[PDB]
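[1] need a structure here:
(chains A, B, C, D, E and F, ligands or ions: 5)
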Amino acid sequence: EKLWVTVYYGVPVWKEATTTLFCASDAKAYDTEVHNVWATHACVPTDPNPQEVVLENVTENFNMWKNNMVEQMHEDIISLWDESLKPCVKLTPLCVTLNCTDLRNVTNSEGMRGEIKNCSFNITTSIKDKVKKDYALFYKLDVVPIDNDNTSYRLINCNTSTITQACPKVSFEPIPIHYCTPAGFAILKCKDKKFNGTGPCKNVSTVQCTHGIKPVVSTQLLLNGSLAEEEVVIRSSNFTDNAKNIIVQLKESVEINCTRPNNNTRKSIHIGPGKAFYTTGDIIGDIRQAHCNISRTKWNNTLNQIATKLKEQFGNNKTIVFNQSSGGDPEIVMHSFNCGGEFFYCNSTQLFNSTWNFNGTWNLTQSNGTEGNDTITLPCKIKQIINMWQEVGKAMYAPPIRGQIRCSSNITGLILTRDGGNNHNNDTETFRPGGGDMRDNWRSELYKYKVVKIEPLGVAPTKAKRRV
Amino acid sequence: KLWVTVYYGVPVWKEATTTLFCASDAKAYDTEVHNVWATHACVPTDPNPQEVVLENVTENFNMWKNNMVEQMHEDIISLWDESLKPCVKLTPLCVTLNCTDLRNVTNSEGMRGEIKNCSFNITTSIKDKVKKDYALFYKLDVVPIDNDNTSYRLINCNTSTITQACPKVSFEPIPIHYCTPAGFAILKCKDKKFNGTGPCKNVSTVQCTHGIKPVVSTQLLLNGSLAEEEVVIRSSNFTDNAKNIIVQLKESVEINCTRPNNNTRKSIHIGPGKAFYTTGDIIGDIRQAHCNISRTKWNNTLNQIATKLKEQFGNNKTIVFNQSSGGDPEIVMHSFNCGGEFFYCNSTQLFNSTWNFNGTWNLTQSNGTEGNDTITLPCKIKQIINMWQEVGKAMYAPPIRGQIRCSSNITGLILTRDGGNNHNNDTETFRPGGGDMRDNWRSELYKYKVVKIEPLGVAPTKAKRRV
Amino acid sequence: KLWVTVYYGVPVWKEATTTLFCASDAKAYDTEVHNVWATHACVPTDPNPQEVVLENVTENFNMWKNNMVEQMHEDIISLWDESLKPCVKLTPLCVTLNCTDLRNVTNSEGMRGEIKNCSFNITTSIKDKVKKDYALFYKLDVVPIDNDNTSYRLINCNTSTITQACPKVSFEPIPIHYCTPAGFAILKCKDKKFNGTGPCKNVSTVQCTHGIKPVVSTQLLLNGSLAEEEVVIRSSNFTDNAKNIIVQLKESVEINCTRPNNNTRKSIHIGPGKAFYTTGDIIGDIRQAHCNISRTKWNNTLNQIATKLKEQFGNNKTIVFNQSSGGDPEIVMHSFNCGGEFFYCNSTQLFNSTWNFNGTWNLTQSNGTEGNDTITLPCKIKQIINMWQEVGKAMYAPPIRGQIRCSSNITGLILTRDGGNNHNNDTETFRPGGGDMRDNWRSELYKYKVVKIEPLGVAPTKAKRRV
Amino acid sequence: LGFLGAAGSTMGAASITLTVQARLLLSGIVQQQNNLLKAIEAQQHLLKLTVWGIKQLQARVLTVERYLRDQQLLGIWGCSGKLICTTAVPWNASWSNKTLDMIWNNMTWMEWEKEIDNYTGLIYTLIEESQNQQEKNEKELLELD
Amino acid sequence: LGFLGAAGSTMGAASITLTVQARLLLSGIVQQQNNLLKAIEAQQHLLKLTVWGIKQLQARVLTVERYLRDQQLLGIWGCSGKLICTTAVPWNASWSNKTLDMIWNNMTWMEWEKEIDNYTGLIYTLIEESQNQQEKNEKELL
Amino acid sequence: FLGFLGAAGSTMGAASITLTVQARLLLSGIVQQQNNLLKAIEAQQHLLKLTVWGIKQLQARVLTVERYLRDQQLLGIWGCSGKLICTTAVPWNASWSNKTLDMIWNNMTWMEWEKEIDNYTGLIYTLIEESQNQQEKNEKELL
Ligand SMILES: *[C@@H]1O[C@H](CO)[C@@H](O[C@@H]2O[C@H](CO)[C@@H](O[C@@H]3O[C@H](CO[C@H]4O[C@H](CO[C@H]5O[C@H](CO)[C@@H](O)[C@H](O)[C@@H]5O)[C@@H](O)[C@H](O)[C@@H]4O)[C@@H](O)[C@H](O[C@H]4O[C@H](CO)[C@@H](O)[C@H](O)[C@@H]4O[C@H]4O[C@H](CO)[C@@H](O)[C@H](O)[C@@H]4O)[C@@H]3O)[C@H](O)[C@H]2NC(C)=O)[C@H](O)[C@H]1NC(C)=O
Ligand SMILES: *[C@@H]1O[C@H](CO)[C@@H](O[C@@H]2O[C@H](CO)[C@@H](O[C@@H]3O[C@H](CO)[C@@H](O)[C@H](O)[C@@H]3O)[C@H](O)[C@H]2NC(C)=O)[C@H](O)[C@H]1NC(C)=O
Ligand SMILES: *[C@@H]1O[C@H](CO)[C@@H](O[C@@H]2O[C@H](CO)[C@@H](O[C@@H]3O[C@H](CO)[C@@H](O)[C@H](O)[C@@H]3O)[C@H](O)[C@H]2NC(C)=O)[C@H](O)[C@H]1NC(C)=O
Ligand SMILES: *[C@@H]1O[C@H](CO)[C@@H](O[C@@H]2O[C@H](CO)[C@@H](O)[C@H](O)[C@H]2NC(C)=O)[C@H](O)[C@H]1NC(C)=O
Ligand SMILES: *[C@@H]1O[C@H](CO[C@@H]2O[C@@H](C)[C@@H](O)[C@@H](O)[C@@H]2O)[C@@H](O)[C@H](O)[C@H]1NC(C)=O
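    Numbers count the residues shown, from 1 in each chain, chains lettered A, B, ... in the order given. Ligands and ions are numbered 1, 2, ... in the order given. See below for the structure:
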């Protein structure tokens, strides 16, 4: 009846912990010397065989709203973008008055009202003796009207920031990134087919490396992210609080065919010593506004699904209403995202214009041929200058991509905001698209994961005793 | 016969020089206030420090040759440089300045022309328009040029490059713990009175220094550590002259300092997103900054310091306390930072006593506040501060909105024994000193020294191996 | 019947690449050279280098594919970038220049504008006043714009940023011992004769490489190493013409080079304290820079090289030394750095020797020791060095006050074989090459190969676990 | 591979046999994989002063720190050997009221150590000092005799 | 000092002499140069920069893990002690069916590893798994 | 008892008992181990990229790791790797400090004793390595 203390190494014991993470992408990304990719340069090789040991009889608690990784990688990609554009040209001298024409010409039907602009000006290069008149092309989104003289204009964030162009060579296609942990640490995977994002997760496994995660950043619509399993799942910090954004992960991928149907010649003006400001030269042929293709029935069926889900969450006897963003910065008002590098601001008014009913939401939509579901086309714009989401400062210019651009993203998620307007005895719940926060677009991928250090040391009583 | 026996973990230490890290308290991070020029990087202070005492130990110390002083000196220099380096350079502002001595002759006002409303022409972010913009400066910031009544510039233009501090970063210093990497230790002298160099009666060890607030102050040591039962005076060579004399006080003297001006901070925008911060105007009446100091407290403190100085320079002595001979405002006029703004206070009142051989001993008493009318310090403001060891790299202090309030505790004095031709007179004179971050570091680090711990040990024993 | 037995400390290596660190012995650091090429970071070298001989070893060597050549290339690039990083950018001096002929016509004066006293307008720290002034420039630095018989600029100003090398930082080469970390080793091929790559029978191993002077030189190799008993030719493929030809000499040829002028070092204040350095004037006659080569010695060496080139391409072929075809200044004319000052020396005299296999005969010396023993290289001077890899990042060399005198050791060549139509003629036309620093380092690191150390091993033995 | 995912199972069955085999699997695997990726990347020289490179360097330090602290502790209490060592330290009555079966067949490892946390420092210190000093004194006495 | 001088010699020649003693000295010398260098530079403080400060720091790292990864291997198969230790794993004739004469008096360590390169990982993993069986036997004895 | 190096003022015998406590803190790095865990920030934002303190702290970590690693390597080269205290076959040459064991273990403190032995420290260490090499050669003779 004598019990002595026995040391056991490698006990299955972990505790909550926050640590450094390191990227691992693909050997193929290194192949072909792509280089321009601003994120795979220092990534280690992804292990071809993943390790996903399953945990049995475990009910680990999870708080995706209090996830370290989210903030960790948020500042990681915030700094990673900064380091990529840090050696690139700072477009400080461009902050000049601009003489801007109609389009370029009146060679006229006419779906454009200033997108070319043809802003001309007098600028000084590294040669600090001669003014150098020239001209470049800018969408109205980048040219703020000044002086109201008629054609006086300046760059949008000259008096609020410093605009740095990306290095033209730099390609902006995200590739899957597998966060991996240093040894002695593990990632716990909440492998339940239905998680509120809060409370205990029963079905649970673990991985030493996260699954592939493209750091796609997009507002309102999550693109090329991750699909939900069997059912659409909605996660919020506090559903009844209006300020809290609403994560909505779709179980169905929806194809969005976005393109820039303008053949563009690109002109590189030299400004400064070896610094070159890349700008559009002209557009070959007719200019057609950028558009995105959305299946009506597929989208309406997804709408029906999320509507039933929000009714289940709130009141199944409530009316659901879908309006567009009240107002504020363009990113939140209209669906914005990068395509082949150029950024498209699509007026997603039609996407959120349908109101359902507790009495309604009874049937789905069935297309009667292709011309029945003629795909909705979204009025899309192009904004070359983007200020950092966190700070108006350090705005980044986007070099124009020559010729034709076309992408085919798969909508895997949605971001919503509930407005607590005076509709108490109305039950009419309105949800407006939200965004503007990279962290929200990461919470939608990191929720299933959780980092825990491993302390493989353990002690327990045993009748055994060390020999004297 | 004996055999070698390898011992491991043996408590043997050798004086060593190694890198140290900062470990501020958890509360400083809890505020979430942006790093105070040197703060977030630090690791959190261990709740209770271990001050294990080393009994039967007589460890010698050398505060004047300690590495840690130099290491921290370099650390504080680099920390300021990294904090103010991303901020805006005020080089575009080096332009001719048109200034009026006072915006209105509201006579009255103590200032003869301190406001100096200076209006200049600066190219904005839009490199097409010159925009005349007014800004307010103190005389210490504008050099009269061209001998014209209104032609002014900035003290450091051709001389040095000005860089403003980022306004979000505050300046309120916070206690810092220097901890050593494991295998290293810090030894703390426990002797109530320490010369700062030589053997220590009682010694202790800490893996982490006590919290030190890296305040930078001249002619004074503010919010600093205190002595025990007796003011202590330390100098590598007391019989030398250039050697600055460190004094650690046993009693803290409160110093209440405030800039009594309600001020609005105009933010002028200069260049692409770089906004320089100045002063829009002063709301209400303009009152010069000052500091309040007890008469009796200061006199009795001088009494104790004068006794200590007679002890260290012959019993029969007469110590005259005088002011700085001359030179840079940093070391001539006592200066410090209050609420992120630099205050230059003419401490001529503090050291204006000739003293008597036997006049000492009778400590003066406070017969009411009318008697002890608190000493008022004529204080100034120098927004442009220069690097102490570097001609270039000057830094601009952004103004602080509203009225600033400060209440530090005097805890130390820096002095310079002049070698005047008065040995027959025996009138020892001790002018205030300063001008060296190291002198401040030596005052707080005298009791600490860092030693590498060598766990490897040798010893003859009858024990032999097993063949 | 046998069991595998774990063996630790087994003599097995494997080719691998790894980080290598510098080591200078800190002799320069004790002298106080103020950090030259980052000498304050090199760890002191081992007093005694160890070169254990690897008997009965035939290790294959591949100098062309060696990682060290590229690791060093990038590290040296980083060094030259770090040196200019805190230095003064010369963006405002990219302006128009009003220039004279040399200095005056009160002059025989073979120079035809190599001083071109250029004057101009500039904006100093005071960004409101122009300041006309004159500084001196060699023609290589200034390109004329518009050719109105006047108006000049700088060669790379419009297309490239220039950064003036800091004067405090010397550019004198110092020996470097690229040392491998533990667990790795450098193999040293000690054969008296090599072909660049190939099996080596005389092999040794070193913990650090031998001291290396990272000198950037074109068409020549200075202060380098010497071959053993015979001039050695090395090339990845001598049979192809595009690849360069590395030659290493067995003896050293002294190269007495000096700028015979007393130069006043004027400094122009540009912007906030940033002083652009130039030449005030040249006291005395403007003697053109020149280099001294022994005529006999250089011929004897050129005949040795010729005989080796004959051996490579058959006795039938005759060796022709034609001058550089053309291209960038460093390729067309031999160019190096003397005492922190960059030279540019015409190499036509050195490469104007045609050798017929029938007439090879013997070596030509001179009983007379007076006259015809000096080959004076007409050297011009260029300060604005273009980057060798990228159009941008050009550097500016400040002038060195007084006469700069140096004396290197010609220790090899960089050559280019051309695909001439004289192949039927059977003549090998060899021309000086350059412009690639990697070839400069291949001339040193050829004898070294990096291999990791794997002490882990397995071996069947009759021994079994003592269970 | 071999990650200990048997936290749900109590020390009653897994600790006796299954965990030790899995623990040896994990130790060999977390050594093989980490250093394999390291060697490959080091030869590639892709590792640099880049943001991600300083994250990898920081993690390389953490792995070393964790492994070394663990091994140190083990060696500082004599258990430089395998994962299972029996000390001569008795089980204090202050932590008890649980039968051998409770502790083993009824308490999962995670649940068990979560009640000992208030005593982890005391148990670890009283193990290293007791057995190690006593065994040193014994070795010295045997060598003397 | 004490570098692989006997690498040209055969497995047995090298083993009976330098591998057992000189290599032990070589590990000690590796420590001696590190002990002297890592101390003296610690008395400089001009080190620990970037341009060469990172280079030396990375090298020091690489040494650290490159040594630990071998200590770990020794720990996983229990041979954390003597550099030379035998195993209960029988040498399968499939791995190089050659006599001990051809193994030791003929093959040298450098050419030996090349033939066993396919076996290396296989054997290393077999040694640790055999150790697990021995550890289970030790539990039975306990 | 004593938290740290209390036995510094104590003699050879008294300091032997607390050796384990002084050897645990060699690589324990308790102050550095926890990063900004209370605020849930790793390494204070990964050392704020490479801030001045970031560098200092990272460098302090490698020194704790290499210093312990080197000590353990020394223990390993002379055999008694795991054992904190180990006998050696090296006879104690009587030349190094002719003192009786009583004066050493009862009067001389460890700190004061390792000023005498400093002269012969490297000599002694190499003697231990050669004695281990002699032991290995004797084992080969037995085989
Ligand atoms: C900080 O603290 C200091 C210390 O308290 C404060 O300053 C002090 O102020 C005191 C006066 O209030 C002053 O005391 C005067 O000292 C003068 C000189 O002191 C020396 O000499 C006297 C006399 O010794 C003589 O005789 C011997 C032989 O026996 C000779 O060897 C000597 O050389 C002398 O010749 C000693 O007593 C002292 O100890 C010193 O050695 C004295 O002259 C003076 O006496 C009177 O005359 C003064 C005018 O000459 C007059 O100002 C003073 O008030 C005295 O007046 C007398 O008469 C009136 C009217 O009857 C009566 O009311 C008085 O009470 C008094 O009897 C004093 O003795 C201290 O020397 C002085 N100390 C210092 C360091 O300065 C200071 O205020 C305080 N500051 C603050 C802000 O609180
Ligand atoms: C937690 O994990 C369990 C186990 O995977 C999940 O239960 C599984 O649920 C699926 C359906 O959702 C079951 O599939 C069904 O299998 C039966 C035969 O077993 C078949 O007749 C059906 O047609 C269907 O294929 C599956 O069997 C079932 N597994 C078990 C072991 O019961 C559970 O859904 C998970 N819960 C959460 C919240 O993630
Ligand atoms: C440097 O000089 C060496 C010779 O010292 C050159 O190496 C030799 O090159 C030949 C052909 O390139 C190699 O091939 C040989 O071909 C015959 C064909 O019958 C074959 O029988 C030989 O046994 C051999 O395969 C030869 O292996 C190679 N080495 C030797 C020792 O001859 C080398 O090409 C020159 N250049 C460089 C860069 O090394
Ligand atoms: C998701 O479901 C879980 C489980 O029902 C919810 O967690 C519970 O919250 C209620 C309070 O609202 C508690 O009374 C229960 O004890 C909790 N259960 C457990 C053990 O987690 C969770 O709040 C739901 N979250 C959302 C977003 O709806
Ligand atoms: C070189 O080529 C020779 C061809 O005949 C030669 O033609 C000329 C060059 C004459 O001057 C004479 O050398 C020969 O008649 C071959 O005969 C010869 O073998 C080839 N190789 C050598 C070793 O020279």
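
[2] Now do the contacts for the one residue in the stretch 1-150 of chain A that gets nearest to ligand 1.
    Nearest residue of the stretch 1-150 of chain A to ligand 1, counting by CB to the nearest ligand atom: residue A:75, 57.5 Å away. Heads up, the C-betas are built off the backbone N, CA and C, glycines and all. Neighbour list for residue A:75: residue F:45 [criterion: CB atoms under 8 Å, 6 or more residues apart in numbering or on different chains].

[3] And whichever strand or helix holds it, what's buried?
    According to DSSP states H and E, residue A:75 maps onto helix A:68-85. Neighbour counts over helix A:68-85 (16 or more other CB atoms under 10 Å in any protein chain shown) mark A:68-77, A:79-81, A:84-85 as buried.

[4] any idea which of those residues is the one closest to chain E?
    Using CB to the nearest CB, residue A:79 is the member of these that lies nearest chain E, at 17.4 Å.

[5] Let me see the contact set for residue D:144.
    B:462, B:463.

[6] Phi first, then psi, for it.
    Main-chain torsions, residue D:144, degrees, to the nearest 10: phi -60, psi -40.

[7] Likewise for residue A:269?
    According to degrees, to the nearest 10, residue A:269 has phi -80, psi 140.

[8] follow-up on the earlier one: going on from the helix holding residue A:75, what's the next piece of helix or strand?
    strand A:98-100.

[9] and the helix or strand following that next one, how far out from the chain's middle?
    Counting by DSSP H and E, the next helix or strand C-terminal to strand A:98-100 is strand A:119-123. Centre-to-centre, strand A:119-123 and its host chain are 34 Å apart (CA atoms, centre = their mean, to the nearest Å).

[10] Identify the residue nearest the geometric centre of chain D.
    With distances taken as CA atoms, centre = their mean, residue D:70 lies nearest the centre of chain D, 5.7 Å away.

[11] Residue in chain D with the shortest distance to ligand 1?
    residue D:121 (56.1 Å).

[12] element containing that residue, please.
    Mapping residue D:121 onto the secondary structure by DSSP H and E places it in helix D:120-144.

[13] same deal with residue A:407?
    Per DSSP H and E: strand A:405-418 holds residue A:407.

[14] Within its sheet, name the partner strands of that strand and how each one runs.
    Strands that pair with strand A:405-418, judged by DSSP bridges, come out as strand A:221-223 (antiparallel), strand A:245-260 (antiparallel), strand A:429-433 (antiparallel).

[15] pretty sure residue A:435 is touching residue A:223, no?
    No. Residue A:435 lies out of contact with residue A:223 (CB atoms under 8 Å); the separation is 11.9 Å.

[16] more crowded one of these two?
    residue A:435 (27 against 24; other CB atoms under 10 Å in any protein chain shown).

[17] So the more buried one: helix, strand or coil?
    Under DSSP: H, G, I helix; E, B strand; the rest coil, the three-state class of residue A:435 is coil.

[18] What is the burial count for the closest residue to it other than its chain neighbours?
    Distances taken as CB to CB, 6 or more residues apart in numbering or on different chains place residue A:219 nearest to residue A:435, at 3.0 Å, with adjacent residues excluded. By other CB under 10 Å, 27 other residues sit near residue A:219.

[19] thinking again about what came up before, and the strands paired with strand A:405-418, which is most packed in?
    Among the strands paired with strand A:405-418, ranked by average contacts under mean count of other CB atoms under 10 Å in any protein chain shown, first place goes to strand A:221-223 (a mean of 25).

[20] circling back to that earlier point, what's the closest of the buried residues of helix A:68-85 to ligand 5?
    residue A:84 (59.2 Å).

[21] residues contacting the nearest residue to the closest one once chain neighbours are set aside?
    Sequence neighbours aside, residue A:38 is the residue nearest to residue A:84 in space, at 3.7 Å (criterion: CB to CB, 6+ apart). Residues in contact with residue A:38 (CB under 8 Å, 6+ apart) are A:80, A:81, A:84, A:170, A:172.

[22] With residue A:337 instead?
    Residue A:337 neighbours (CB under 8 Å, 6+ apart): A:216, A:217, A:218, A:219, A:221, A:223, A:343, A:344, A:409.

[23] If we only consider the residues you listed, which is nearest to chain B?
    The closest of these, once distances to chain B are taken by CB to the nearest CB, is residue A:343, at 20.6 Å.

[24] Could you check which residue of the stretch 51-200 of chain A lies nearest chain E?
    Per CB to the nearest CB, residue A:183 is where the stretch 51-200 of chain A lies closest to chain E, at 10.1 Å.

[25] The residue nearest to residue A:435 against residue A:437, yeah?
    No. Residue A:219 lies out of contact with residue A:437 (CB under 8 Å); the separation is 9.0 Å.

[26] that older thread, okay, now the residue of chain D closest to ligand 1: neighbour count?
    Residue D:121 has 9 nearby residues by other CB under 10 Å.

[27] Check which helices and strands the helix or strand encompassing the residue nearest to the centre of chain D is in contact with.
    According to DSSP H and E, residue D:70 maps onto helix D:51-76. In terms of contacts (3 or more CB pairs under 8 Å, 6 or more residues apart in numbering or on different chains; DSSP states H and E), helix D:51-76 is packed against strand A:4-9, helix A:68-85, helix D:19-44, helix D:120-144, helix E:53-76, helix F:19-28, helix F:43-48, helix F:52-77.

[28] Swap in 7 Å and give it another go.
    Secondary-structure packing of helix D:51-76 (3 or more CB pairs under 7 Å, 6 or more residues apart in numbering or on different chains; DSSP states H and E): helix A:68-85, helix E:53-76, helix F:19-28, helix F:43-48, helix F:52-77.

[29] thinking again about what came up before, pull the number of nearby residues for the residue of the stretch 51-200 of chain A closest to chain E.
    Other residues close to residue A:183 by other CB under 10 Å number 22.

[30] Distance-wise, check it relative to residue A:302.
    Separation of residue A:183 from residue A:302 (CB to CB, to the nearest Å) stands at 42 Å.
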